[PDB]
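Take a look at this single chain in structure tokens; it is the form deposited in one PDB entry.
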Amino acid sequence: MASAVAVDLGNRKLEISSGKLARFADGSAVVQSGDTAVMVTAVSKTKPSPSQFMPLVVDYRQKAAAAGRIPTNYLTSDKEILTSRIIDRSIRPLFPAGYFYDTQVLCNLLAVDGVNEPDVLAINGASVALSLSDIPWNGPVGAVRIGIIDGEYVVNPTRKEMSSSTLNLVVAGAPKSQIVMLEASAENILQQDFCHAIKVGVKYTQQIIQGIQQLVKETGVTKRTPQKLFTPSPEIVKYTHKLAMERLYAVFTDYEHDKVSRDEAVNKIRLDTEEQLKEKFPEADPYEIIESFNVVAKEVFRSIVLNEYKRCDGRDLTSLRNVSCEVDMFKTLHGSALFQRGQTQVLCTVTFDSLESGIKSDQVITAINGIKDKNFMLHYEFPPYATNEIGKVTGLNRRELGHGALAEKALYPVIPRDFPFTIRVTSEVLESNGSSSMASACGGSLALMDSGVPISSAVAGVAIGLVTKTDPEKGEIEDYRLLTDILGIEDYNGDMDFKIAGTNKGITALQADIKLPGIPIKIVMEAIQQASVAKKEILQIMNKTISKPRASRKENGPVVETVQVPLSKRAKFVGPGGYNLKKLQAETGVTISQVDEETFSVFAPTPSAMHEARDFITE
């Protein structure tokens, strides 16, 4: 059934419709602004997943690069992966607990006008497809981007407006002005401006929700009745609580635990408990018995934070873990640093590469991820040994890409323009116990100064967590504790992973992963203020190992040199089709580029490389 509604920006209209395209899907929708149009579908199986969790995947795909100008579908980009993840975070929290059904959300860019951004359209598209579908989902959600252009707050800024915005904030909101997801990149802006952007953004999401609710009412939606919701019965939970509460409370009030000892201790309680349940309730099911212990471990864990204002390691609500750092770890590295916060350890390196390396030989491949502004990028890895695990170490890793992008944008505003080399930061998490991406931003800041990049200011980030008590009637929050710098266990037993970074004066990045079906604006405002205190604490300790850029780049650093070649010798110098230069580059790792008729510029990664190149060229 064709249906359509327009939502006023008010500056620009959002056109939402459904009922013409892809009508076999459980849900489908198209969202258009200007001449950009996105279709989103939602499909969810009726048979339970072999998984003992909800398998949800979001796939946002584009058909061309560079504002829809360079066709690419005939042949995964960064943009696609990051956009998929943003949509995922905007919808995941609103599925019912126990909904273990294979569910897929796909996005099709029907048309892109190079002016109106399709990413935000797709988030809204997912919301309306789910809303109009028979899939249980506690929405609707509405989403907008907020920019700050020439001093003004602009909703859903055009691509041109974005290029001069000091803010790239995306907000997804649920009814009653609850925040479901916050994603932002900012030019080191004032907390007060950042926070006002959030409130404006939320306002607009509520308008979009109103439009969606109209659409739902016209469509006459009847949700499916899932075969089963896999939540443990109140009986098995109550009993489990009886059996394990005292041991769990003991474990969680023992401050001498570290990550590993604490986990092994709850695991011991789990094994015993889980076997005593198997007997009391022989009527199956191992997975439900497993669910029950997790529910109880979680509740005991949280009740202590709520009742005693103490955390399982003895910290205050606002205390940072101990931090230590070092720069200049290894002599040959252009810059490096080790950043340790509690049992989270990341090693960061900077490497200067040629300006040329920011571009691939193939035009269309280049267009895909584009050329990094300031010729600056950060690559993040989370290898399996960081958690004493075994894992795949090849291929596309979406989480690593997302985390890298987060730490990259945290750092991006302090990077100088017109640096003579490409700046590559590598962040590698060697030990993991919470907020590796925020440690990557910190480590990156230290290594960048070590390397002698004159960054404008140091950068640090931290994760804020959340524990709530909500009435069983409505989902309404009757009490809550914000946690500074959360342990792994506080993330998984907690309600959010609110990662925010910036300088001593402003905010550069935010990624709020919220696991409740939305939270009040007041809670996120407080989270931001609380993180601001911790950030400054991290910066003070960071500034004691290094507080300004090395006054030059290191001895071992790259060098650029200009080489004159007379026409008489060009043909021999370059070789047929430039073969000599290509061979020179492969063999010495230098990068040569012809500047004019007689002039060639040589980038060498080290003085040793240049020497070797000077000898290969000295024929």
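Don't overthink the numbering: it's just position in the shown sequence, from 1. We call the rigid core the largest set of C-alpha positions that still match within 1.5 Å between the two forms.
FYI, the form deposited in another entry isn't displayed, but the following is about it.
Superposition of the core reveals a Cα shift of 2 Å or more for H611 between this form and the one not shown. Annotation for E587: C-alpha shift of 2 angstroms or more between this form and the one not shown, rigid core superposed.
Put the two forms on the same core and the Cα of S51 is off by less than 2 Å between this form and the one not shown.
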